[PDB]
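In PDB author numbering, the protein residues as written are 1 to 25.
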Amino acid sequence: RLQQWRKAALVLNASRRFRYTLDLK
């Protein structure tokens, strides 16, 4: 199923480093 398929590699990868860049503030 598309669920957790294309997103599991989108938000878990692309944004995988969003917590650091966001906390850097």
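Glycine included, every Cβ here is placed at the ideal spot set by N, Cα and C.
From the DSSP output, in three-state form, read off residue i for me.
i	result
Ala14	helix
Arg1	coil
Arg6	coil
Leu22	helix
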